[PDB]
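What follows is a single chain, given as structure tokens, in the form deposited in one PDB entry.
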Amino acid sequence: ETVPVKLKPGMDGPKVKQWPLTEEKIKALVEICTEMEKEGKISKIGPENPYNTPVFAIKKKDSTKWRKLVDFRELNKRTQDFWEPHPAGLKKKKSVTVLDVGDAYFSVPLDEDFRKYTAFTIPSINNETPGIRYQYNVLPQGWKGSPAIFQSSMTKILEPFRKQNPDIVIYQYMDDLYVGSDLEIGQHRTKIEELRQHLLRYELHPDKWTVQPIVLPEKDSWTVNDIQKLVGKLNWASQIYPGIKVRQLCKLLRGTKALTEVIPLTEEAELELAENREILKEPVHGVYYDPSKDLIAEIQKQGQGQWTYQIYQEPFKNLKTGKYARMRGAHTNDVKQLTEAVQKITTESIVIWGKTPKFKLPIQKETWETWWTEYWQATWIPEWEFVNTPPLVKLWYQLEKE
């Protein structure tokens, strides 16, 4: 038997379009879907089912294989909630491991009355063929109800390995598992496999996660421009630290001197910059997460492969702030850098508050929508919007480690 799962009150099922798929990706998904059909996992469905959810093909590790990635983001939002907490020790361990457990859902039937909602389509090159319509019979991998129904069942399978050593913290987010152990490299991986092997019947260290502060440019010689820069940025920063002053600096500016002239900083203007640096020396007090609020995360392309982000909920009240430097491979590709960054950030989020943030991406919707799945790795998919990076928000965070 299976638990009845319904959509939230007053919601209809997902009717999303399937964006175009690369030939290599279609072929694969068909191959993938045939086996599941045989295995009774998905069932071809007709035109009486007006729903739809998108599917894509991503790539795994050491098995040059493709994985069916379904985007249930919309379905999920429309899915009833599952109650009617996050172990904060995970974000502290100098080591966590990403493991997938979504493969486990196929052994658990899906309420017949909800299956139509998991409807999806495999596209056709040039549309010389109908979309191979299917629908899930079991718990759909990547769906939110899945980790939930398989919870009681995930409690029992996990229980022994947990009771083994209450030390370790394992977090179950959607289809993944984050295993925490403070033991050295070989140590973590060794106790890691026991869990994995036990499951038959990446090594992250949440410490280097320094919400890196701001540093103001020390300078032997200051020009009008340099001040203009400095000042223009302090004024933005005052939106965060309201104790940041720019007056004594601006006095050194009263005048139409040449941009390149060297301005000697008055002693008064001196203390004010000094005061400003102190203020910047630590995060704005009073910023603490709120569970009932959506966690926001916007990213700024900084150039030279550098990237900056901030996760918050209340504007200017950043819960964390960081930078990204393209992985030695992402070079001529911002899309790869942007994907990696998004995924990096998203995991950091989960590990800390157990939810993915909503991204504000400095990319054109159309450029993102076309190539992101070619570099995507995560079994889950964040919410995302597209924006136009305001000129100073970037510059402010440009003031990093340099």
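We number the residues from 1 along the sequence you see. Definition used throughout: the rigid core is the maximal C-alpha set that superposes within 1.5 Å between two forms.
This next part talks about the form deposited in another entry, which is not shown.
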Study note, to complete from the structure: After rigid core alignment between the shown form and the other one, the listed option with CA shift of 2 Å or more out of 268, 103, 294, 112 is 268
Check your understanding: Core aligned, does the CA of residue 77 move at least 2 Å between the shown form and the other one?
Key -> no
Practice item. Align both forms on the core first, then report whether residue 246 has a C-alpha shift of 2 Å or more between the shown form and the other one. Key: yes
